[PDB]
C-alpha cells in the first residue's frame, strides 16, 4: 500500500517568532504512526536551518525550490547540493506559482527534478492546469505534458511524489469536488502505468494540492488514487494537524 503523505507548503510566509510557534505546535502534535503517514513541512529558505534544528525528528523538512544545476555563478539561487549540506531531505519543484508567475517551463522543471534526485534529494514534483486549459478540454493534455517532461528525465521514481494542483479552482469561484480530484489522479496514474511502468504507477504517491481543510480532508484522502495532500495556508496553522490525521 502507498504510505499517505502530507506536505505543508508555508510559501513566502514567516517571522522567527511565528516559525518558533509553528514548530512548537508541530512538536506537541499527536498524529498517526510513521508506518501510515509521512509528514513534510516546507519553510522559506531563510528558516530551513532553524526548522531542521528544532523540528521533531519524525517530521521532515523541504525547500520550496532549488536551482537547475551545479551552483557557482547564479546570484540569488540555492543549489541542491547546498540543501544536502544542510541535511534538508526534500524539495518542492514546479509549483504552479513558479510555472505561472516566474515562467518555469515544463522542461526546466524536469531538469530541476533530475538534478535534485541526482544530488540525493527527495522531490515533490507539481503539475496542474489553469481554468482556461480545463475549459478548453485540455486537463489531461496539460497534466500529461508536464508529467512527461519530468518522466523523460527521471530514471528512478522511488524518491518522487507527484502533486496535482487544480489551478483552475484557485481564486476563480470554481470549486473542485472529491470526484473531480479522483478523476485527475486516476487518469494521471493510468498515464504513468502506460508511459513508465505498472510498478511505478502502483507505488508512486499522487497527492492533492487543491483546497484542503479539516472539513474535506477525510473524503479527499479516502479517494482511491489520492495519496495525501500538498497543503497551502493551513500548513501555518494548527489545522495542519487535523489534515495529517486524515491518514487514520
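Numbering follows the first chain given and starts at 1.
- [ ] Report the stretch with the higher mean CA temperature factor, choosing between 169-177 and 93-101 on the basis of the entry.
- [x] Higher of the two, by average CA B-factor, is 169-177.
TODO: Give the stretch, out of 64-72 and 44-52, with the larger mean C-alpha temperature factor in the deposited entry.
DONE: Result: 64-72.
TODO: Could you say which of 184, 192, 212, 39 has its CA atom at the highest B factor, as listed in the PDB entry?
DONE: If I rank 184, 192, 212, 39 by C-alpha B-factor, first place goes to 212.
TODO: Sort the modelled residues of this chain by their C-alpha B factor and say whether residue 147 lands in the lowest, middle or highest third.
DONE: Lowest third - that is where residue 147 ends up once the chain's C-alpha B-factors are sorted.
- [ ] Can you work out whether the C-alpha temperature factor of residue 81 puts it in the lowest, middle or highest third of the chain?
- [x] Within its chain, residue 81 is a highest-third residue by C-alpha B-factor, going by the deposited values.
Task: residue 16 CA temperature factor, ranked by third within the chain - done: Highest third - that is where residue 16 ends up once the chain's C-alpha B-factors are sorted.
Task: residue 157 - which third its CA temperature factor falls in, relative to the rest of the chain - done: CA B-factor rank for residue 157: highest third.
- [ ] Would you please rank residue 217 by its C-alpha temperature factor against the other modelled residues of its chain and give the third it falls in: lowest, middle or highest?
- [x] CA B-factor rank for residue 217: highest third.
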